[PDB]
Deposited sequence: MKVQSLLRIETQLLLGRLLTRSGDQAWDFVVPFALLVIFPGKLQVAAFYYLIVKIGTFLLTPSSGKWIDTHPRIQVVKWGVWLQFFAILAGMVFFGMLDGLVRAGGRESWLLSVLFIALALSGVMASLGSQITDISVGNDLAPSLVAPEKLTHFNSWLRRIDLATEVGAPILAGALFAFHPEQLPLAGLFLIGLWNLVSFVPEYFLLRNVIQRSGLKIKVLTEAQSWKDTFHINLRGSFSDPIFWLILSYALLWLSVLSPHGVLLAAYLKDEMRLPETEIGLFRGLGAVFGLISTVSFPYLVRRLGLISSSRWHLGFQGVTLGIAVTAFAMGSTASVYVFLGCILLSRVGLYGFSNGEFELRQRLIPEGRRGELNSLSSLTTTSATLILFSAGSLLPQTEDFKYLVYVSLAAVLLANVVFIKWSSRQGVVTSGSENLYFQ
C-alpha cells in the first residue's frame, strides 16, 4: 500500500468506530436517564467546554514534541477514554436498574463519563491536527492534497451514513458494548500505521499572539459558518418543519438524509474547479454559492407560505455542496500556508474558534427555545454566511 493510501485506510477504519460510538451515546444516555433530555444536552456541554479549555494547551504541546509522541498520546487517549466510557456506562446502567437514580454516586459516575468524553474529544482533536494538518502535508505532494482531502471527506460521509445502519443493528446496553469494542479495535490499526510511517521516514526529523496572525481571518471565515441553524441535521429546524410548517415526518427524514448526498457532490465539484480555476477561486465560488443559495432560502422563508417550504429546504441542500467545498478549501489552505513549527498552534486556534461557535449555537437554542423565535435564527445564520464571504474575500487578497 502507498503512503497516501495508508493514511486514508487508517482514517476510514477509525472513523467508522467514531461515528458509531458518537451515534449511540445520546440513545444510551436516554436508556439510563429516561424522560430527561437535559441529561444528553448537559453531557455534550461539558465535553465542548472541557475541550475548549484544553485546546490552546494541547496546541503548544503538539509543536514541542516528536510526531510519534503526538500520535501515541493522540490515539491511546481516545482508546482509554472510550474504554472508561464503557465502564462508567455499565455502572450507570447497572445502578439505575438497581434503584439508585437519586444518589450522589449516580452524579459522580456521570461527571466521570463526561470527563472521559472530554479526553476522547481532545485526543480526536490532537489526532485530526496531527494526521490531516501535519503528517499529510509532510508526506503528500502539494499538488495531490486536493485529491487526498476529497477522500477524507468521503470517509467522513460514508461512515456518517454507515453509522446509524450498523450501530442501529447492534444496539442491557449489550449492543453499546459491541459498539465500543468496535470503536476500540478501530483505533489500533491507524496508530501502528502512523507509528511505522514515522519510524521509517524523515518525519522523525522535526525541530520542536495567535489571533495576530493573518491566517486567523481564514479561520474566522470558516468558523462563522458553524453559527448556522440552516442544516439538515439541525434540531431546531427539524422541530420547526414539524410543528410550524406541518410537514410529513417522512419528508423531514428525507431532507435529513440528503445532506450527505449533496456533501458528496462537493467532492466532485470542488476538485474540478481547483484543477480548472485554482484553489483560492474555487473556494470563493463554493463559498459564494452557499451565500446565494441560502440567500434565496431565507427570502422564501418569509414570506412564508407552506408552498415555499421546499424552496427553503431545497436551497439548503444546494448550500451543502458549497459549504463542504469551502471546507476542504479552507482546510487545504491551512495545510499549505501554516508553517511547520506552528501547525499545532494555529490549527488549534481553528478548533478553538469552531468550538466557540458551537457553544454559542448551544446557548442560542437555549435562550431562543420558541418556534416563533426560529425566525431570528434564520436571519442571523444568513448574516454569518454573508459576513464569512466578505472576510474570506478580503483575506484571499494575498
- line: Gaps vs the deposited sequence (1-based, no CA atoms) are 1-6, 178-184, 222-236, 427-440
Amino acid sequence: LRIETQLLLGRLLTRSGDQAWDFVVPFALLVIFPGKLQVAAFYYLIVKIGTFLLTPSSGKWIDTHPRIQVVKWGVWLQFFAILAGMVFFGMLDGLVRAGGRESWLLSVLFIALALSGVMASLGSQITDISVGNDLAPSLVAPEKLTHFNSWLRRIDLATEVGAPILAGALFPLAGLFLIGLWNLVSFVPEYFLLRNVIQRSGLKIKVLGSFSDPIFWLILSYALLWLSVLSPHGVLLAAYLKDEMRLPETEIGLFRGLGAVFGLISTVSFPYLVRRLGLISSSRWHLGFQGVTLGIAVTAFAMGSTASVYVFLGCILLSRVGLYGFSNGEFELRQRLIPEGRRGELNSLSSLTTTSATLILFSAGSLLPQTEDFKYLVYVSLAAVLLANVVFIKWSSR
From here on, numbers count along this sequence of modelled residues.
statement: Mean B factor on CA atoms, stretches 44-52 and 336-344, record says higher is 44-52
task: State which stretch shows the higher mean Cα B factor in the entry: 272-280 or 300-308.
output: 300-308
- prompt: Whose CA atom has the top B-factor in the entry, of 38, 58, 64, 354?
  reply: 38
- prompt: Per the coordinate record, which of the options 245, 294, 152, 317 holds the highest CA temperature factor?
  reply: 245
- line: Sorting the chain's modelled residues by C-alpha B-factor and splitting them into thirds places residue 123 in the lowest
message: Ranking the modelled residues of this chain by C-alpha B-factor as given in the entry, is residue 358 in the lowest, middle or highest third?
response: lowest
- request: Sorting the chain's modelled residues by C-alpha B-factor, tell me whether residue 370 ends up in the lowest, middle or highest third.
  value: highest
- line: For residue 76, the third of its chain by CA B-factor is the lowest
- request: Would you please rank residue 88 by its C-alpha temperature factor against the other modelled residues of its chain and give the third it falls in: lowest, middle or highest?
  value: lowest
